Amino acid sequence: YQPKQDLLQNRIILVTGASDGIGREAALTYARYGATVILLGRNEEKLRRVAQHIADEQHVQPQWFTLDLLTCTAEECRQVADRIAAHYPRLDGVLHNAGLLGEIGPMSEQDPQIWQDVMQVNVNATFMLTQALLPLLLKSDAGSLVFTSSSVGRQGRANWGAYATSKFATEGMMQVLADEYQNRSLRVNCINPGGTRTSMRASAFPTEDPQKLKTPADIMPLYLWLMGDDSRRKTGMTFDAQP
């Protein structure tokens, strides 16, 4: 997939987990294809840095929001949606890249509190944030809501504990949303980045040589395709960046 440089021109896209890794890559890449990108993350100064990088390249500084998905309330999610609604007439896209890995190890050992934290970030807060942004998404001529999945969201595997559970939940919640919007202007889908050179991947696989992995840059074609009009007939699906 090699789209024109103005695929996303004027499309307003919110990118969560934007501080580093695949989230930062997608924010940069979406801005480079003409998007008006809105960044969301945990750390204010780390967001400022990504936004400044886009400003250095596009010459308009992206707006950012700090939101801690672990601790956020429904009302805090509504505050973000209210703040976006005050600056923009619509969202054309929402890419959820934020996620917590939690503990890798056997179910006999999984820490209950960490397990609850994984569910809270990956499922409940991602839901709460989504719900607050649905009205803005429906203002798009062709809105696109994307969740982050994993191969362990399709087939559970030993030691993947809360993470795998939360990615199965993410496929389910994506399928509910996609069915509810199916004949309307909003499409909803998941992306499995596959093994990619990130700190999360290295934490799970400390022996692996990350230099043998594709980078976040390498996997961008799929991320671009789901936000652009070439994917507009596709909803309810889960895609592998590296099949």
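In this text, residue numbers run from 1 along the sequence as written.
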Checklist line | Mean temperature factor over C-alpha atoms, higher-scoring stretch between 25-33 and 46-54 | finding: 46-54
Next item on the list: Look over 78-86 and 97-105 in the entry and identify the one with the greater average Cα temperature factor.
Entry: 78-86
Note to self: According to the Cα B-factor stored in this entry, which of the following is highest: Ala202, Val176, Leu67, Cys190?
What the structure shows: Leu67
Margin query: How does the C-alpha B factor of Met119 compare with the rest of the chain: lowest, middle or highest third?
Written below: middle
Note to self: Split into thirds by Cα B-factor across the chain's modelled residues, where does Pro210 land: lowest, middle or highest?
What the structure shows: middle
Notebook entry, point to check: Mind checking which third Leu186 falls in for C-alpha B-factor across the chain?
Noted result: lowest
Next item on the list: Going by the recorded CA B-factors, say which third of the chain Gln131 sits in, lowest, middle or highest.
Entry: middle
Check: Of the three thirds of its chain by CA temperature factor, lowest, middle or highest, which one includes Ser149?
Finding: middle
